[PDB]
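Accompanying notes for the structure given below.
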Amino acid sequence: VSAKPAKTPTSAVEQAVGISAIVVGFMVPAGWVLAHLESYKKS
Amino acid sequence: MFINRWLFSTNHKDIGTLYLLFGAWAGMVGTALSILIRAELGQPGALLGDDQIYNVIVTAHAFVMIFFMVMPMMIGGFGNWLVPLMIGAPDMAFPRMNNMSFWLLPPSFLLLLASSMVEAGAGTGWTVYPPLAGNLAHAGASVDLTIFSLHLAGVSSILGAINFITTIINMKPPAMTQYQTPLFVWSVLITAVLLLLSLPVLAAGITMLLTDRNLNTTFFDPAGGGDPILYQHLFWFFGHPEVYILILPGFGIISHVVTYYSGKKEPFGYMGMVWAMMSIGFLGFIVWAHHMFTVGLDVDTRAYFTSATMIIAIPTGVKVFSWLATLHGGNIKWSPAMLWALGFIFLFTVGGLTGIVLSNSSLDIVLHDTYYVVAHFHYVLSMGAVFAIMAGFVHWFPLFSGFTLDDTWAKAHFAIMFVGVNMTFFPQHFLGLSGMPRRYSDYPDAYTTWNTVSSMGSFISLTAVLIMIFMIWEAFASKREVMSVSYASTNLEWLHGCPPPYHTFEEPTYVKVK
Amino acid sequence: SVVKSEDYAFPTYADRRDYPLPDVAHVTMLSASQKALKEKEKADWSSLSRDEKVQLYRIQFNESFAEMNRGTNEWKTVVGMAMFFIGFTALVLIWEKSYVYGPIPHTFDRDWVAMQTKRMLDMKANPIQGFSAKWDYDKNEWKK
Amino acid sequence: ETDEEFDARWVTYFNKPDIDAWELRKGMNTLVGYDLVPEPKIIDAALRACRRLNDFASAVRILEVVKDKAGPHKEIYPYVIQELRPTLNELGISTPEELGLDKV
Amino acid sequence: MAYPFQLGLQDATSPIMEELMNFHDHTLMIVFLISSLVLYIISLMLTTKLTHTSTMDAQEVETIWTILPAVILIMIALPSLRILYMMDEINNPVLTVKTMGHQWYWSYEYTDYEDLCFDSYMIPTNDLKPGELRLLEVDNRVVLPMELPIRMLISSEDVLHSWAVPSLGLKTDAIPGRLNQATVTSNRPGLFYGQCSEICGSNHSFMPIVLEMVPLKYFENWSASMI
Amino acid sequence: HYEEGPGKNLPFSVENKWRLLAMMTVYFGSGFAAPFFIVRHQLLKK
Amino acid sequence: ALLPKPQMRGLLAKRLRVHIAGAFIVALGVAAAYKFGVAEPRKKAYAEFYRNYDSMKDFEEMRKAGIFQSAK
Amino acid sequence: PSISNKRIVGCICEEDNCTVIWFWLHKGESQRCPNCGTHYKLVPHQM
Amino acid sequence: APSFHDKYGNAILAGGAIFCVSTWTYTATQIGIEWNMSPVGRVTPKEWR
Ligand code: HEA
Ligand code: HEA
Ligand code: CUA
Ligand SMILES: [Cu+2]
Ligand code: NA
Ligand SMILES: [Zn+2]
């Protein structure tokens, strides 16, 4: 499947920003709830 | 303008789009549950405490990944997007039941999420065997909510199966035979047949379990004359046809992907493919008690069941050798979906031979409820079905979205996924052979090291789906459309454009017999 | 330029070695000099120089078979990205081992495992091949 | 069938006196699908067919797909060129190796 | 029992775990053969540069490709049935043990003569004696005589359990309202560790099984002392 | 009639890159963060 | 001198025949490698263990260190 | 016949063949099947 | 023309190889993961009562 040139081509910095956004948006809530299991166990 | 297009939709492309979105969300729920399971098993001890919350997580992982990720995306999404496109129909035969099946799915998801939230929790495994799932060990509303989740999902899949069979049989052009259809249409036909021949068995089984829980019937507890082996009979009579529902549209997808990217105009042995798919579908109904080799059956019964398991083993061998034979001497274009298909072939072969090891009832007496079974079913489910899903998604994402993915990020995603899931599920063979059983939150020290290795493999697979999201975003971060597509004369779904319009086949196809 | 929505209907020039003679020319419209070459094409090819040959072959086709089968270098980039992200998984595992995981059970220090594997060869755990068959029961050492 | 009716049918099909571009493209697109390197008089007929309908560049890709239809071992293509030399300097058709289309 | 970095099965003590281990080696050799066939063929048949994308004879190799996997499948199946029929023959046993799995503890009845019964709970992790095994040691080990056929009837009071010991090659469902046969023998004395395989609640990881196999005179002394 | 073309057959606007990045990460992050909050709830109860 | 006529047809077929011969030999070779490496040494190890095995001395040297709950 | 300017035409051009091959057929004089060359013409006047 | 891949593939191999082996050596060795290695020939057996 051959392709068009990109109408809105993405710089490498914006790809880095996007992957950093996906990683931080996935590891903030799960990372926060696994940062303290013992506090949920009535410390 | 929005609620008429999407909430009240009556055409197959939009229903397939929402199937893909719902399945992607539910798959992310499932991989979060898998990260939880490998998080507790990473080091010795109790990360979460008791085994009840761990069993709730295990049951939720099983039900979310089975009934909400592979089945909706694969069957509903790819069938609704492609089955009226390959056969040249303008729409589904009964589009309103297609819409109702999709909109019945998130009530079932909400009921399952509520089932995990009531104070007991349905920590019984996706086998919902009594008397553990009775009103004595699980006195509460969690098992009932899980039962109603399965009821709603079963009604959804029955409606979809009826719609698919009538739209495949009836909405062909009047000159085409059924043996001139593409192979994915055949896989959707056979999958819908086994779905509506199998789902009422579990519907009756969980109806009887619900009446045992709340209407004081004694179908299953032996204090009133019941027998839980009857539940196991009914559940697995559904459950192995359900297994082949999981695997068969993946066979159609990989046949299409290998035939396209190999340069071939036809797969080799189309009649052999069709016969082997019919044989797998017909023989899926007579092999259920290979899930019951240690329950105390007759020796002659288990002899028959291991023999019938070998006869169900032969025609999928015909299918995999025909895939190899249609790989022979073609213009092999190393696309990402090609890599997903070859990974499907090798790792599904490995999962099949581990199933053949499990097929013998004596080594099943040794290896029942161990992680050898877990390695077998993850090498078929989590690798074959997931790789077929990803092959179909990578191949048909230009058709659905209209934009082409970055192939370099796609090949990196396949490499990361391959390494991660291979290092996830290969030590589980040794854990099963050594003898650490299923459904455990804590293990002895001798099973530590493989468990440690297995846990970190999951994180690599986690990173894979993370960059998978980047893949999708990068397509919409690029907005590169398509020149055109090669081999569009043989594949009908590619010949209306990428993406096809809302109204396709208003003027239908013109094929003659005489 | 931008063309109407029926870009799918008409055949397009596709370059692959499975289809050596494609149905659509690479450059559709031609300039006046290209019409001079096309008018020269009806005479003999003996009075054709090198440059007319090369540029009319680039009119009718885009890439030769030597250009399209060339070895590009994308597999190195793919496996390098794979090792980047697998290193990031190692960082995530470091963070989980530091913060998520608590202490190990007390049956993993040196003295408990010493007395445990003394007892494990004392009761001869799997003494045919596996563990207690790798220990010498006369010299009180392991097998060398 | 055997070799002689295959070879005779293709050389008589490529020497159609009223051949146009479409069926020449069919012949040279279906011939390269066989488990076969095309016989040199089929290629002679195809080159004269390209000369008959006054088209140059398709003959050069005919020579190119002769070269890369051989595969790994390179004892096919110099032999095919060493037989096709008199056709190649009676029509003025140039080899791909002298036009610079083989130097990557 | 399991040792660290263990790949294969536990070593055998009963005769049947030897024949099932030899059959496992046989079928894993067959698995290695078929997997190497598929892998070598795909790695061969992707790396070519020749091509053939035209009409091919559809049915000229299918009879071989259907008879050879049938030959290998019956080659698997005949030793499978041969050892399948060698678990429920005439036993003529020596002792009869009755094992009932109550809600997260096992219980053992020796009531052939002079009715004896006791309960097996796990020694907790903080209450372990030094040198012991975590998650496997019990209060009362289950004492059986050496190298004799021992009839064994397994059931449970409330829910589904699974009485399993791997090194003797035993794994049998414990179903309420049922009574399941297993014959158990040995060849070496000592301690064998198993654990429950069926899901049975919030302490499913926390019922172990220790079988202590001793000579018959010491079994008689233990039976006289325990009652 | 409904919109036809690339990027218009989808139930969300792809016309802004960063808005769609934020929407994708909150959609899939809510999907990922649901069972962890479920486990938090079951630990907070008993 | 000039080039001879080499083989023009049946190239992929003859490659398939020589490498299907190679495939059968290498698959039987790796299966026999696993067999002669693992399965036969295991069988002869069990034969060596049980051909001269005494159970009374084995039990006595287990019970001399106090493992059994029945033999003190 | 048709009601528009083009139509999908599917060809079984030799019997007992699995795959149809599909192609667009436009106005003007007759196009043909890409592998068999049976001639197909379009007369768009019906209703 | 010198593309992205022609030199950046060598650069990304060097970076990916050294990064992956460095941090995987660190997470296998330095963070104190107890691997529970095989006791054959390493730990001497200590007399239990
Ligand atoms: C994708 C889903 C999927 C698929 C395809 C399969 C396929 C198979 N499964 Fe599996 N199975 C599961 C999902 C699946 N299974 C799940 C989810 C469970 C868990 C249930 C539970 O919790 O109890 C399970 C459990 C399960 C058990 C239970 C073991 C136990 O716990 O006691 C057994 C044993 O018989 C089994 C067997 C098989 C077999 C024999 C096949 C075969 O169909 C595999 C196909 C075979 C091949 C692909 C072989 C390749 C053949 C060739 C290459 C030809 C050459 C071959 C020879 C020469 C012999 N499965
Ligand atoms: C579809 C079925 C499926 C899938 C994919 C998986 C995937 C995984 N499973 Fe699962 N598993 C089961 C079905 C599945 N499993 C079942 C049925 C059980 C038995 C439960 C029981 O005992 O009762 C089980 C049990 C099970 C256990 C047993 C726990 C125990 O009993 O103690 C464990 C732990 O190791 C585990 C781990 C994993 C891991 C680490 C993955 C990883 O592969 C996770 C990675 C998966 C994904 C990342 C999903 C793929 C989706 C995408 C990549 C995006 C798709 C979106 C688009 C294409 C738009 N599984
Ligand atoms: Cu009893 Cu698990
Ligand atoms: Cu099954
Ligand atoms: Na744990
Ligand atoms: Zn035709």
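Note on naming: chains are A, B, ... as they come in the structure tokens, residues start from 1 per chain, ligands start from 1 in the order shown.
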Surrounding residues of residue 29 (chain A) excluding itself and chain neighbours under 4 positions, 9 Å, only C-alpha atoms, as a PDB file with N, CA, C and O atoms, in the first residue's frame:
```
ATOM      1  N   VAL A  24       3.671   8.737  30.354  1.00  0.00           N
ATOM      2  CA  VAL A  24       3.325   9.363  31.630  1.00  0.00           C
ATOM      3  C   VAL A  24       1.834   9.211  31.927  1.00  0.00           C
ATOM      4  O   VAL A  24       1.457   8.961  33.078  1.00  0.00           O
ATOM      5  N   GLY A  25       0.977   9.232  30.900  1.00  0.00           N
ATOM      6  CA  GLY A  25      -0.441   9.036  31.108  1.00  0.00           C
ATOM      7  C   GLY A  25      -0.810   7.612  31.441  1.00  0.00           C
ATOM      8  O   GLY A  25      -1.901   7.373  31.969  1.00  0.00           O
ATOM      9  N   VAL A  33      -0.974   3.935  42.230  1.00  0.00           N
ATOM     10  CA  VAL A  33      -1.671   2.951  43.048  1.00  0.00           C
ATOM     11  C   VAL A  33      -0.758   1.789  43.432  1.00  0.00           C
ATOM     12  O   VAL A  33      -0.985   1.150  44.467  1.00  0.00           O
ATOM     13  N   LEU A  34       0.301   1.519  42.668  1.00  0.00           N
ATOM     14  CA  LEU A  34       1.301   0.572  43.142  1.00  0.00           C
ATOM     15  C   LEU A  34       2.441   1.218  43.913  1.00  0.00           C
ATOM     16  O   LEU A  34       3.311   0.496  44.408  1.00  0.00           O
TER      17      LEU A  34
ATOM     18  N   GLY F  29      -5.896   5.416  28.904  1.00  0.00           N
ATOM     19  CA  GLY F  29      -5.454   5.440  30.282  1.00  0.00           C
ATOM     20  C   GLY F  29      -6.570   5.169  31.262  1.00  0.00           C
ATOM     21  O   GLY F  29      -6.334   4.572  32.310  1.00  0.00           O
ATOM     22  N   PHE F  32      -6.809   1.480  31.103  1.00  0.00           N
ATOM     23  CA  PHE F  32      -5.746   0.848  31.869  1.00  0.00           C
ATOM     24  C   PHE F  32      -5.912   1.052  33.368  1.00  0.00           C
ATOM     25  O   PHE F  32      -5.511   0.189  34.149  1.00  0.00           O
ATOM     26  N   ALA F  33      -6.502   2.166  33.792  1.00  0.00           N
ATOM     27  CA  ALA F  33      -6.561   2.523  35.198  1.00  0.00           C
ATOM     28  C   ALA F  33      -7.840   2.082  35.890  1.00  0.00           C
ATOM     29  O   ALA F  33      -7.944   2.250  37.108  1.00  0.00           O
ATOM     30  N   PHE F  36      -7.003  -1.194  38.298  1.00  0.00           N
ATOM     31  CA  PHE F  36      -6.151  -0.827  39.418  1.00  0.00           C
ATOM     32  C   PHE F  36      -6.950  -0.117  40.503  1.00  0.00           C
ATOM     33  O   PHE F  36      -6.748  -0.364  41.696  1.00  0.00           O
ATOM     34  N   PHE F  37      -7.887   0.743  40.103  1.00  0.00           N
ATOM     35  CA  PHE F  37      -8.773   1.369  41.074  1.00  0.00           C
ATOM     36  C   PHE F  37      -9.772   0.373  41.640  1.00  0.00           C
ATOM     37  O   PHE F  37     -10.200   0.517  42.791  1.00  0.00           O
TER      38      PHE F  37
END
```
Check your understanding: Once you count only C-alpha atoms, which residues of chain C turn out to be within 10 Å of chain A? Could you give them as a ChimeraX atom specification?
Key -> /C:14,92,95-96,98-102
Output of the above residues as an mmCIF file, in the first residue's frame, restricted to N, CA, C and O atoms:
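Output file out_34.cif follows:
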```cif
data_model
loop_
_atom_site.group_PDB
_atom_site.id
_atom_site.type_symbol
_atom_site.label_atom_id
_atom_site.label_comp_id
_atom_site.auth_asym_id
_atom_site.auth_seq_id
_atom_site.Cartn_x
_atom_site.Cartn_y
_atom_site.Cartn_z
ATOM 1 N N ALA C 14 2.045 0.803 -10.759
ATOM 2 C CA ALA C 14 2.593 0.171 -9.568
ATOM 3 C C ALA C 14 3.866 -0.571 -9.941
ATOM 4 O O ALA C 14 3.892 -1.305 -10.934
ATOM 5 N N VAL C 92 11.576 0.396 34.115
ATOM 6 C CA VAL C 92 10.290 0.217 34.796
ATOM 7 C C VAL C 92 10.383 -0.891 35.844
ATOM 8 O O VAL C 92 9.839 -0.773 36.952
ATOM 9 N N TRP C 95 12.205 0.474 38.861
ATOM 10 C CA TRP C 95 11.302 1.291 39.668
ATOM 11 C C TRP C 95 10.345 0.437 40.485
ATOM 12 O O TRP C 95 10.043 0.771 41.636
ATOM 13 N N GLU C 96 9.838 -0.651 39.903
ATOM 14 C CA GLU C 96 8.933 -1.517 40.653
ATOM 15 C C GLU C 96 9.658 -2.263 41.767
ATOM 16 O O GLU C 96 9.135 -2.371 42.882
ATOM 17 N N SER C 98 12.256 -1.200 43.366
ATOM 18 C CA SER C 98 12.602 -0.247 44.416
ATOM 19 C C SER C 98 11.390 0.152 45.253
ATOM 20 O O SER C 98 11.489 0.254 46.479
ATOM 21 N N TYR C 99 10.243 0.390 44.621
ATOM 22 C CA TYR C 99 9.117 1.026 45.299
ATOM 23 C C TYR C 99 7.913 0.117 45.487
ATOM 24 O O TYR C 99 7.302 0.129 46.558
ATOM 25 N N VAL C 100 7.534 -0.650 44.464
ATOM 26 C CA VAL C 100 6.321 -1.460 44.544
ATOM 27 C C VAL C 100 6.527 -2.636 45.488
ATOM 28 O O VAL C 100 5.715 -2.886 46.386
ATOM 29 N N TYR C 101 7.628 -3.358 45.312
ATOM 30 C CA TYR C 101 7.855 -4.600 46.033
ATOM 31 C C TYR C 101 8.395 -4.339 47.430
ATOM 32 O O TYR C 101 9.239 -3.465 47.637
ATOM 33 N N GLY C 102 7.898 -5.109 48.391
ATOM 34 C CA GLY C 102 8.373 -5.040 49.749
ATOM 35 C C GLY C 102 9.510 -6.012 49.984
ATOM 36 O O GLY C 102 10.240 -6.379 49.058
#
```
Kindly provide, as a JSON list (two decimals) with C-alpha atoms, in the first residue's frame, all nucleotide and amino acid residues lying within 10 Å of ligand 3, counting only C-alpha atoms and all ligand atoms.
```json
[["chain", "number", "residue", "atom", "x", "y", "z"],
["B", 437, "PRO", "CA", -0.34, -25.45, 39.94],
["B", 438, "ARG", "CA", -2.75, -22.85, 38.65],
["B", 439, "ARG", "CA", -4.64, -20.12, 40.51],
["B", 440, "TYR", "CA", -1.91, -19.57, 43.12],
["E", 101, "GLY", "CA", -10.63, -32.12, 51.84],
["E", 102, "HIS", "CA", -12.45, -29.73, 54.16],
["E", 103, "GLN", "CA", -12.42, -25.96, 53.84],
["E", 104, "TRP", "CA", -8.69, -25.47, 53.47],
["E", 105, "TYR", "CA", -7.37, -28.47, 55.37],
["E", 106, "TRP", "CA", -7.01, -32.11, 54.51],
["E", 156, "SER", "CA", -14.33, -33.41, 49.86],
["E", 159, "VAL", "CA", -16.34, -27.75, 47.34],
["E", 160, "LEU", "CA", -14.02, -28.99, 44.61],
["E", 161, "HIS", "CA", -10.43, -29.81, 45.60],
["E", 162, "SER", "CA", -7.69, -31.82, 43.92],
["E", 163, "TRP", "CA", -5.49, -34.22, 45.87],
["E", 164, "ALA", "CA", -2.26, -34.12, 43.88],
["E", 173, "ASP", "CA", -10.32, -34.55, 41.85],
["E", 174, "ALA", "CA", -12.01, -34.35, 45.27],
["E", 195, "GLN", "CA", -0.62, -29.38, 46.83],
["E", 196, "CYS", "CA", -4.19, -28.73, 45.74],
["E", 197, "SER", "CA", -4.80, -28.12, 42.05],
["E", 198, "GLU", "CA", -8.49, -27.17, 41.98],
["E", 199, "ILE", "CA", -9.58, -23.64, 42.88],
["E", 200, "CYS", "CA", -11.07, -23.73, 46.36],
["E", 201, "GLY", "CA", -11.33, -20.19, 47.72],
["E", 202, "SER", "CA", -9.15, -17.53, 49.33],
["E", 203, "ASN", "CA", -6.56, -19.93, 50.78],
["E", 204, "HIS", "CA", -6.25, -22.22, 47.75],
["E", 205, "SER", "CA", -2.46, -21.84, 47.77],
["E", 206, "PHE", "CA", -2.46, -22.83, 51.42],
["E", 207, "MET", "CA", -3.18, -26.55, 51.68],
["E", 208, "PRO", "CA", -0.10, -28.74, 51.23]]
```
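Selected on chain E by distance to chain C: residues 11, 131 and 190 of chain E (within 6 Å, counting only C-alpha atoms).
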Review point. When DSSP works through the backbone of this structure, what residues of region 5-103 of chain D end up as alpha helix (DSSP H), shown as an MDAnalysis selection string?
Key: chainID D and resid 5:13 21:30 40:52 57:69 77:88 96:99
Check your understanding: What do you get as a ChimeraX atom specification if you pick all residues at most 9 Å from ligand 6, counting only C-alpha atoms and all ligand atoms?
Key -> /H:10-14,20-21,32-39
Could you write out the selected residues, including N, CA and C atoms, as a PDB file, in the first residue's frame?
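Heads up, here's the output in part34.pdb:
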```pdb
ATOM      1  N   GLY H  10     -17.389  -8.516 -12.150  1.00  0.00           N
ATOM      2  CA  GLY H  10     -16.666  -9.676 -11.656  1.00  0.00           C
ATOM      3  C   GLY H  10     -16.658 -10.779 -12.698  1.00  0.00           C
ATOM      4  N   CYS H  11     -15.506 -11.422 -12.865  1.00  0.00           N
ATOM      5  CA  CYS H  11     -15.325 -12.433 -13.897  1.00  0.00           C
ATOM      6  C   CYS H  11     -14.948 -13.762 -13.261  1.00  0.00           C
ATOM      7  N   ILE H  12     -15.811 -14.758 -13.477  1.00  0.00           N
ATOM      8  CA  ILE H  12     -15.433 -16.163 -13.632  1.00  0.00           C
ATOM      9  C   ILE H  12     -15.236 -16.392 -15.123  1.00  0.00           C
ATOM     10  N   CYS H  13     -13.984 -16.423 -15.545  1.00  0.00           N
ATOM     11  CA  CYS H  13     -13.661 -16.519 -16.954  1.00  0.00           C
ATOM     12  C   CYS H  13     -13.150 -17.893 -17.363  1.00  0.00           C
ATOM     13  N   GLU H  14     -12.868 -18.767 -16.405  1.00  0.00           N
ATOM     14  CA  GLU H  14     -12.781 -20.200 -16.645  1.00  0.00           C
ATOM     15  C   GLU H  14     -13.545 -20.894 -15.530  1.00  0.00           C
ATOM     16  N   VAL H  20     -13.186 -14.990  -8.044  1.00  0.00           N
ATOM     17  CA  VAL H  20     -13.623 -14.026  -9.035  1.00  0.00           C
ATOM     18  C   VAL H  20     -12.516 -12.989  -9.161  1.00  0.00           C
ATOM     19  N   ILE H  21     -12.350 -12.392 -10.337  1.00  0.00           N
ATOM     20  CA  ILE H  21     -11.537 -11.180 -10.382  1.00  0.00           C
ATOM     21  C   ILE H  21     -12.418 -10.007 -10.778  1.00  0.00           C
ATOM     22  N   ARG H  32     -11.955  -5.064 -21.027  1.00  0.00           N
ATOM     23  CA  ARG H  32     -11.874  -6.515 -21.037  1.00  0.00           C
ATOM     24  C   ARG H  32     -11.281  -7.017 -19.731  1.00  0.00           C
ATOM     25  N   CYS H  33     -11.480  -8.310 -19.489  1.00  0.00           N
ATOM     26  CA  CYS H  33     -10.980  -8.958 -18.287  1.00  0.00           C
ATOM     27  C   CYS H  33      -9.454  -8.964 -18.295  1.00  0.00           C
ATOM     28  N   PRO H  34      -8.813  -8.636 -17.168  1.00  0.00           N
ATOM     29  CA  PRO H  34      -7.349  -8.480 -17.173  1.00  0.00           C
ATOM     30  C   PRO H  34      -6.564  -9.771 -17.347  1.00  0.00           C
ATOM     31  N   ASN H  35      -7.159 -10.948 -17.157  1.00  0.00           N
ATOM     32  CA  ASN H  35      -6.411 -12.176 -17.389  1.00  0.00           C
ATOM     33  C   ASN H  35      -6.919 -13.003 -18.560  1.00  0.00           C
ATOM     34  N   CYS H  36      -8.201 -12.894 -18.910  1.00  0.00           N
ATOM     35  CA  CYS H  36      -8.772 -13.673 -20.000  1.00  0.00           C
ATOM     36  C   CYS H  36      -9.158 -12.843 -21.207  1.00  0.00           C
ATOM     37  N   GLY H  37      -9.470 -11.569 -21.022  1.00  0.00           N
ATOM     38  CA  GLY H  37      -9.745 -10.721 -22.158  1.00  0.00           C
ATOM     39  C   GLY H  37     -11.089 -10.924 -22.812  1.00  0.00           C
ATOM     40  N   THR H  38     -12.067 -11.468 -22.092  1.00  0.00           N
ATOM     41  CA  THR H  38     -13.438 -11.407 -22.572  1.00  0.00           C
ATOM     42  C   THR H  38     -13.923  -9.968 -22.526  1.00  0.00           C
ATOM     43  N   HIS H  39     -14.580  -9.539 -23.593  1.00  0.00           N
ATOM     44  CA  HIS H  39     -14.900  -8.131 -23.756  1.00  0.00           C
ATOM     45  C   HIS H  39     -16.173  -7.764 -23.012  1.00  0.00           C
TER      46      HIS H  39
END
```
Exercise for review: Identify, on the basis of only C-alpha atoms, every residue whose closest approach to residue 23 (chain H) does not exceed 6 Å; exclude the query and any residue fewer than 4 positions from it along the same chain; express the result as a PyMOL selection string.
Suggested key: (chain B and resi 489) or (chain H and resi 8-9)
